[PDB]
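Below sits a lone chain in structure tokens, taken as the form deposited in one PDB entry.
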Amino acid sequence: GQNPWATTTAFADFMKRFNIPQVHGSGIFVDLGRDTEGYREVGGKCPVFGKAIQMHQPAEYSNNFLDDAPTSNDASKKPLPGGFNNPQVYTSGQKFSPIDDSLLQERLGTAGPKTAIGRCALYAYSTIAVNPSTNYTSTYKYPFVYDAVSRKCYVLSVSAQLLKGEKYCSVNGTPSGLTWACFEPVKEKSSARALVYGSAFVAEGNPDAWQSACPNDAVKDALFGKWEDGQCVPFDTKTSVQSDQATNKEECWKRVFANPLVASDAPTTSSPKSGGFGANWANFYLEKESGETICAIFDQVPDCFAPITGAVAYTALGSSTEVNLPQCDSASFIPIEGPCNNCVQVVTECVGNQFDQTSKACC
């Protein structure tokens, strides 16, 4: 009765992704983990799946945050129209952002990162801000957003992620007068765009590391838990921050991102740094008690997975797409041969941490 999630390479490697403070190390909801040159900087190590900025510019405004950010601070404009995408142009006459992922690979080549996310993070990281006058450079780096549908890399020029309150922003034209319109992050699952928001520091070191290293996906048929008395005990709704009923599985996914205790670096009332600590993990499951589905947000770092049919364990960082647990460790797992009946037996192996049963004939 040792814990295989701590013990075994296949299981450990997986469970490691679900220490957010260690693998991400910053606010998720708002990521303002670093500071540079007297500013706040998006710093988090893991990329964030489904994150987008909802805006509250008036209806006439396009209200997309991937729009070219407002180019010349306009007087007759209040609030200031546009989005967050860097609006600069190359000498070529080509827009700095967004860029195709195609364009990236050709120019990046073999030496460059494999993942397109890696590739786009590196675009952002690669970028140096310069003053044409007084030739001056900055080490300040901006967050990228990657659209997985269309395969475009956007570099933003707006590290802000949340703006709230009528002293500072306008909701829906009101109070008119104010330059900035309110915005807040939201996990969104359109079929038309598929966004991933990240720090440019995903690209620092090895840009493809997230893939192996981060809680990128939702897990199907499993529940976060601590390991007690030789077995994995699902965090129960009693030590959860909130465990309200939740209509469906995708609803739980959005709730974790937004819930009021999720790791977040936004200013209270002052540059708060969460280090990733907060209600970031949630269990979705059907209560055996009056059978109402529950979304169970926790702040406890799980160290194992309790497997259960039809369950889903989500995190504030990860995708909405479900994915299997590892069933075995290739390295350690001895192939087991079932009883030879009919001169044929099923034989079970561990190709890529999953059971492939392939039936063989003993005689």
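Numbering starts at 1 and follows the sequence shown. So that the term is clear: the rigid core is the largest set of C-alpha atoms that superpose within 1.5 Å between two forms.
Beyond what is shown, the protein has a form deposited in another entry; the following relates to that form.
Candidate set 299, 68, 303, 329; criterion, C-alpha shift of 2 Å or more between the shown form and the other one after rigid-core fit; matching residue, 329. Relative to the superposed rigid core, the position of the CA of residue 137 differs between the shown form and the other one by 2 Å or more. Residue 346 shows a C-alpha shift of 2 Å or greater between the shown form and the other one [criterion: core-superposed Cα displacement of 2 Å]. Compared with the form shown here, the Cα atoms of residue 352 and residue 47 move at least 3 Å farther apart in that other deposited form. Between residue 17 and residue 352, the Cα spacing is larger in that other deposited form than in the shown form, differing by no less than 3 Å.
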